[PDB]
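Chemist: Please find one structure pasted underneath; my questions will follow.
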Amino acid sequence: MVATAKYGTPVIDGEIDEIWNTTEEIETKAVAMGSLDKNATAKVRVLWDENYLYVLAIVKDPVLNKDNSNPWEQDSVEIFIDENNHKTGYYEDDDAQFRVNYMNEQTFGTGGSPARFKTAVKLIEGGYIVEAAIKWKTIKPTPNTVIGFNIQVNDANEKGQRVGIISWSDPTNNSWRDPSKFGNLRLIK
Ligand SMILES: [Ca+2]
Ligand SMILES: [Ca+2]
Ligand SMILES: [Ca+2]
């Protein structure tokens, strides 16, 4: 799976900057749990600059819940990055997993850090908008650079149970530990 992200610097606030319309929109259709017509999915736009990767995720989710103690079993979005795009079967120092729920509470998997994660969440009719900035850790990207990338949407019901797991490139729910499951994202001018 291959996608592209246009160069640009949006303001992290949950509002949709005009610039987001200049880059392609991808959809999370790789089902691991649940179904597209019944569970949380997202329309995603991606931008980038020399210092950060920017992600705009518009999530469709009629019931918001975060009662479960496990952050991944709360309504939330997970963003995966493989900076050198080695597509390894385990996480290298440059690989990372970031997570943020609908209440804008951040949590981190391997490689993730609050020092490199800025987020804003705005609720909307039928769901919520996540806008994030991920600071590069090992690279200073230039046009046509390609990284490993994926975005996952966790869907929890009113009972605090996760009923949906859907991402862009991974239908096996192994992104948290396997970079070879991410897709390819080309950073273009
Ligand atoms: Ca914004
Ligand atoms: Ca890597
Ligand atoms: Ca939900």
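Quick note on naming: the chains in the structure tokens go A, B, ... in the order shown, residues restart at 1 in each chain, and ligands are numbered from 1 in order of appearance.
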Hey, which residues come within 9 Å of ligand 1 if we count only C-alpha atoms and all ligand atoms? Could you give them as a list in words?

Modeler: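 After applying the 9 Å limit, what remains is residues 10, 11, 12, 13, 14, 15, 16, 17, 18, 20, 56, 120, 131 and 132 of chain A.
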
Chemist: So which residues are near ligand 3, meaning at most 6 Å away with only C-alpha atoms and all ligand atoms counted, given back as a VMD selection string?

Modeler: chain A and resid 61 63 to 65 75 155 to 157

Chemist: Okay, now the selection with N, CA and C atoms, as a PDB file, in the first residue's frame?

Modeler:
```
ATOM      1  N   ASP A  61     -17.601   7.828  14.530  1.00  0.00           N
ATOM      2  CA  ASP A  61     -17.850   6.966  15.684  1.00  0.00           C
ATOM      3  C   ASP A  61     -19.012   7.564  16.476  1.00  0.00           C
ATOM      4  N   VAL A  63     -20.612   6.343  19.186  1.00  0.00           N
ATOM      5  CA  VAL A  63     -20.575   6.108  20.627  1.00  0.00           C
ATOM      6  C   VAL A  63     -19.139   6.201  21.137  1.00  0.00           C
ATOM      7  N   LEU A  64     -18.848   7.220  21.940  1.00  0.00           N
ATOM      8  CA  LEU A  64     -17.497   7.418  22.462  1.00  0.00           C
ATOM      9  C   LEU A  64     -17.348   6.870  23.879  1.00  0.00           C
ATOM     10  N   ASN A  65     -16.349   6.016  24.070  1.00  0.00           N
ATOM     11  CA  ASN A  65     -16.105   5.394  25.361  1.00  0.00           C
ATOM     12  C   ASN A  65     -14.611   5.224  25.642  1.00  0.00           C
ATOM     13  N   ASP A  75     -11.737   4.431  22.695  1.00  0.00           N
ATOM     14  CA  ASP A  75     -11.891   4.983  21.351  1.00  0.00           C
ATOM     15  C   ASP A  75     -10.689   5.885  21.128  1.00  0.00           C
ATOM     16  N   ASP A 155     -12.100   0.951  18.241  1.00  0.00           N
ATOM     17  CA  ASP A 155     -13.508   1.249  18.485  1.00  0.00           C
ATOM     18  C   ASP A 155     -14.014   0.497  19.713  1.00  0.00           C
ATOM     19  N   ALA A 156     -14.380   1.248  20.750  1.00  0.00           N
ATOM     20  CA  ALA A 156     -14.894   0.671  21.986  1.00  0.00           C
ATOM     21  C   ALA A 156     -16.389   0.994  22.079  1.00  0.00           C
ATOM     22  N   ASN A 157     -17.178   0.078  22.641  1.00  0.00           N
ATOM     23  CA  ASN A 157     -18.616   0.298  22.788  1.00  0.00           C
ATOM     24  C   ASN A 157     -18.929   0.895  24.159  1.00  0.00           C
TER      25      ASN A 157
END
```

Chemist: Counting only C-alpha atoms and all ligand atoms, name the residues that have an atom within 7 Å of an atom of ligand 2; the answer should be given as a ChimeraX atom specification.

Modeler: /A:82-88,91-95

Chemist: What does the file look like for those residues with N, CA, C and O atoms, as a PDB file, in the first residue's frame?

Modeler:
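Here's the written file out-v7.pdb:
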```pdb
ATOM      1  N   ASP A  82       7.870   4.459  10.598  1.00  0.00           N
ATOM      2  CA  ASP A  82       9.088   3.687  10.329  1.00  0.00           C
ATOM      3  C   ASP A  82       9.904   4.673   9.497  1.00  0.00           C
ATOM      4  O   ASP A  82       9.783   4.702   8.272  1.00  0.00           O
ATOM      5  N   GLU A  83      10.726   5.480  10.163  1.00  0.00           N
ATOM      6  CA  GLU A  83      11.503   6.511   9.487  1.00  0.00           C
ATOM      7  C   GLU A  83      12.488   6.091   8.397  1.00  0.00           C
ATOM      8  O   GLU A  83      12.601   6.783   7.394  1.00  0.00           O
ATOM      9  N   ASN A  84      13.208   4.987   8.590  1.00  0.00           N
ATOM     10  CA  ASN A  84      14.159   4.538   7.568  1.00  0.00           C
ATOM     11  C   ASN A  84      13.512   3.527   6.628  1.00  0.00           C
ATOM     12  O   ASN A  84      14.158   2.973   5.746  1.00  0.00           O
ATOM     13  N   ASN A  85      12.219   3.304   6.832  1.00  0.00           N
ATOM     14  CA  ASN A  85      11.429   2.360   6.051  1.00  0.00           C
ATOM     15  C   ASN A  85      12.077   0.996   5.803  1.00  0.00           C
ATOM     16  O   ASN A  85      11.974   0.438   4.708  1.00  0.00           O
ATOM     17  N   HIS A  86      12.731   0.450   6.824  1.00  0.00           N
ATOM     18  CA  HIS A  86      13.361  -0.859   6.705  1.00  0.00           C
ATOM     19  C   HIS A  86      12.318  -1.975   6.667  1.00  0.00           C
ATOM     20  O   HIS A  86      12.615  -3.087   6.241  1.00  0.00           O
ATOM     21  N   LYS A  87      11.098  -1.682   7.112  1.00  0.00           N
ATOM     22  CA  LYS A  87      10.032  -2.679   7.095  1.00  0.00           C
ATOM     23  C   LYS A  87      10.433  -3.959   7.830  1.00  0.00           C
ATOM     24  O   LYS A  87      10.229  -5.075   7.333  1.00  0.00           O
ATOM     25  N   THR A  88      11.008  -3.788   9.016  1.00  0.00           N
ATOM     26  CA  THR A  88      11.441  -4.903   9.853  1.00  0.00           C
ATOM     27  C   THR A  88      10.265  -5.608  10.525  1.00  0.00           C
ATOM     28  O   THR A  88       9.144  -5.100  10.516  1.00  0.00           O
ATOM     29  N   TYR A  91      10.455  -3.569  16.085  1.00  0.00           N
ATOM     30  CA  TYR A  91      10.780  -2.145  16.115  1.00  0.00           C
ATOM     31  C   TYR A  91      12.256  -1.812  16.280  1.00  0.00           C
ATOM     32  O   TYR A  91      12.910  -2.301  17.200  1.00  0.00           O
ATOM     33  N   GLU A  92      12.770  -0.967  15.388  1.00  0.00           N
ATOM     34  CA  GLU A  92      14.147  -0.500  15.460  1.00  0.00           C
ATOM     35  C   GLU A  92      14.062   0.813  16.247  1.00  0.00           C
ATOM     36  O   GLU A  92      12.962   1.274  16.564  1.00  0.00           O
ATOM     37  N   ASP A  93      15.208   1.419  16.546  1.00  0.00           N
ATOM     38  CA  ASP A  93      15.234   2.672  17.303  1.00  0.00           C
ATOM     39  C   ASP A  93      14.419   3.802  16.662  1.00  0.00           C
ATOM     40  O   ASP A  93      13.900   4.667  17.359  1.00  0.00           O
ATOM     41  N   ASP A  94      14.314   3.792  15.337  1.00  0.00           N
ATOM     42  CA  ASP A  94      13.598   4.841  14.604  1.00  0.00           C
ATOM     43  C   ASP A  94      12.094   4.599  14.465  1.00  0.00           C
ATOM     44  O   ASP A  94      11.360   5.464  13.986  1.00  0.00           O
ATOM     45  N   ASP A  95      11.641   3.415  14.859  1.00  0.00           N
ATOM     46  CA  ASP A  95      10.232   3.077  14.731  1.00  0.00           C
ATOM     47  C   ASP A  95       9.432   3.538  15.948  1.00  0.00           C
ATOM     48  O   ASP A  95       9.954   3.579  17.066  1.00  0.00           O
TER      49      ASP A  95
END
```

Chemist: Give me, as a list in words, all polymer residues having an atom no more than 9 Å from residue 168 in chain A, counting only C-alpha atoms and skipping those fewer than 2 positions away in the same chain.

Modeler: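 The residues satisfying every condition are residues 1, 26, 27, 28, 29, 30, 31, 42, 149, 150, 151, 152, 166, 170, 171, 182 and 183 of chain A.
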
Chemist: So that I can check the surroundings of residue 146 in chain A, please list as a PyMOL selection string every protein, DNA and RNA residue that reaches within 7 Å of it, counting only C-alpha atoms and ignoring chain neighbours fewer than 2 positions away.

Modeler: chain A and resi 85+144+184-187

Chemist: Run DSSP on the backbone and tell me which residues of chain A come out as helix (DSSP H, G or I); list them as a PyMOL selection string.

Modeler: chain A and resi 18-22+71-73+114-116+179-181

Chemist: Might you pull out every residue within 12 Å of residue 19 in chain A, with only C-alpha atoms counted and same-chain residues fewer than 5 positions away left off, and present them as a PyMOL selection string?

Modeler: chain A and resi 5-11+24+45-48+54+56

Chemist: Restricting the calculation to only C-alpha atoms: of A:52, A:90, A:176, A:102, which residue gets closest to residue 74 in chain A?

Modeler: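 Using only C-alpha atoms, the shortest distance to residue 74 in chain A belongs to A:102.
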
Chemist: Residues of range 31-175 of chain A in strand (DSSP E) according to DSSP, as a PyMOL selection string?

Modeler: chain A and resi 31-33+41-48+52-60+76-82+95-101+106-108+117-124+127-135+145-156+162-167

Chemist: When you draw a straight line from CA of residue 162 in chain A to CA of residue 125 in chain A, how long is it in Å?

Modeler: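 Computed distance, CA of residue 162 in chain A to CA of residue 125 in chain A, equals 21.3 Å.
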
Chemist: Which is closer to residue 109 in chain A than all the others in A:51, A:97, A:142, A:167, using only C-alpha atoms?

Modeler: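 Counting only C-alpha atoms, the residue closest to residue 109 in chain A is A:97.
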
Chemist: Can you work out which one of A:119, A:39, A:180, A:175 has the shortest atom-to-atom distance to residue 80 in chain A, counting only C-alpha atoms?

Modeler: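 Of all the options, A:175 lies closest to residue 80 in chain A.
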
Chemist: Determine the nearest neighbour of residue 159 in chain A from the options A:137, A:60, A:118, A:66, counting only C-alpha atoms.

Modeler: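 Among A:137, A:60, A:118, A:66, it is A:66 that comes nearest to residue 159 in chain A.
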
Chemist: Residue 70 in chain A: which residues within 12 Å, counting only C-alpha atoms, same-chain residues fewer than 6 positions away excluded, as a PyMOL selection string?

Modeler: chain A and resi 76+99+101+107-108+154+156+160-162

Chemist: Record the distance separating CA of residue 106 in chain A and CA of residue 140 in chain A, expressed in Å with one decimal.

Modeler: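 Straight-line distance from CA of residue 106 in chain A to CA of residue 140 in chain A works out to 24.5 Å.
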